[PDB]
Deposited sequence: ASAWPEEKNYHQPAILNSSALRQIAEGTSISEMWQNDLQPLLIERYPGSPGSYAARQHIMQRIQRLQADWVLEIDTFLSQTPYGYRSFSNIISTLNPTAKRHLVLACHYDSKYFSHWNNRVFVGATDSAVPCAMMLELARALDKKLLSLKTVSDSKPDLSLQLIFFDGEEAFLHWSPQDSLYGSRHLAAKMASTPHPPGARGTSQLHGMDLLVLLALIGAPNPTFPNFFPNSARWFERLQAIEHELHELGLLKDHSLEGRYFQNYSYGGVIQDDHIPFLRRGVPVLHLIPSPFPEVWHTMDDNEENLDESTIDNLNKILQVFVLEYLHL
């Protein structure tokens, strides 16, 4: 019985030196992400809506144009909702599908349903159009490096549908796509032909991005079994800062602070966490002041903060993957 699912417990990053850190800082472009990945997503896109379809096509199109060998799968299913049966579609983008282990980055691409109000439309800019655009920018920025993957370890991106409650949050009305996908992955043998390991055993770490884009976020270290990876993010932020590679940033106002959080935040990682998958939940505490209001829009986003976080996340991913 191979002990491969235990490898994630000992996996160590391959730390980039200064020269490589500057290369990564210069290789990502917040303005290109803004125009080409973010703005097309700033539309109403609740499950089943025409915007949901447009959002999904945009995400797939942006991934399909890259050189790395991404394999796209749309996981479509039915679920009961306060409005009756409905269809949802998770988007999964994977490099090396048969690779035994994957580092997984995720976010939700649906937007919370709200009837139009005084002509305002909810577009959930930080929740989670920006996280989505950040995953797309990361795939674009590291494309040349990711091409080299074409440690049996690779990368996967999941864009969940139906994270939001149709009404207010309840156990049965929220996390439609993640509850579905976690159960599906838990019952899918992996790698192909395996006797007793599933796709969940292959998830080295689930990095879930949510509510990102507002000024001064503070991300707490939620779980002891991913704490050493939260520390890597702190170290990366500190060195990019010291190298003068971040913008309008100070260590007193650093994003990754040394502090736990006992409570439970309901989000897409829950169904995975509860089946034993290690999770790094990149959600700030407190939430953006515009959370679930019509003001969660483009105008209230903090560009240099998103830019800094794109740099930190891209360095984290390269180091994790030894690229």
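Chemist: Give me the ranges of the deposited sequence that have no CA atoms here, in sequence order.
Modeler: Coordinates drop out only over 151 to 156.
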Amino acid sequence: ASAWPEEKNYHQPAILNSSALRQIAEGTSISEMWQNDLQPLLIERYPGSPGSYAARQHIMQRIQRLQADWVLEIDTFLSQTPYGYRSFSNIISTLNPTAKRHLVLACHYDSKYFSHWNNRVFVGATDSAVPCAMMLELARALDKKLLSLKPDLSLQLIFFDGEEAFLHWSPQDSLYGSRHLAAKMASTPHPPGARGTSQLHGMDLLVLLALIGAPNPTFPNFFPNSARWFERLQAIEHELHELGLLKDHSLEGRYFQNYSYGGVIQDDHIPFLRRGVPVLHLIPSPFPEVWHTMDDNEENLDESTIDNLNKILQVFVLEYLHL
From here on, numbers count along this sequence of modelled residues.
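Chemist: Per the PDB record, is the mean Cα temperature factor higher over 197 to 205 or over 113 to 121?
Modeler: Going by the record's values, the stretch with the higher mean is 113 to 121.
Chemist: Please compare 139 to 147 with 206 to 214 and name the stretch with the higher mean C-alpha B-factor in the deposited structure.
Modeler: Between 206 to 214 and 139 to 147, it is 139 to 147 that shows the higher mean C-alpha B-factor.
Chemist: Quick one: which of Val279, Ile283, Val264, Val290 shows the highest Cα temperature factor in the PDB entry?
Modeler: Max CA B-factor in the entry, restricted to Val279, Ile283, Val264, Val290: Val264.
Chemist: Please place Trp169 in the lowest, middle or highest third of its chain according to the CA B-factor in the PDB entry.
Modeler: Ranked within chain, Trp169 CA B lands in the highest tercile.
Chemist: Would you mind checking where the Cα B-factor of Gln12 ranks among the modelled residues of its chain, as the lowest, middle or highest third?
Modeler: Middle third by C-alpha B-factor.
Chemist: Ranking the modelled residues of this chain by C-alpha B-factor as given in the entry, is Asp307 in the lowest, middle or highest third?
Modeler: Lowest third of the chain for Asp307's C-alpha B-factor.
Chemist: Would the CA B-factor of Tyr53 place it in the lowest, middle or highest third of its chain?
Modeler: Highest third, going by the recorded CA B-factors of the chain.
Chemist: Within this chain's modelled residues, let me know which third the CA B factor of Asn221 belongs to: lowest, middle or highest.
Modeler: As the PDB entry reports it, the C-alpha B-factor of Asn221 lands in the middle third of its chain.
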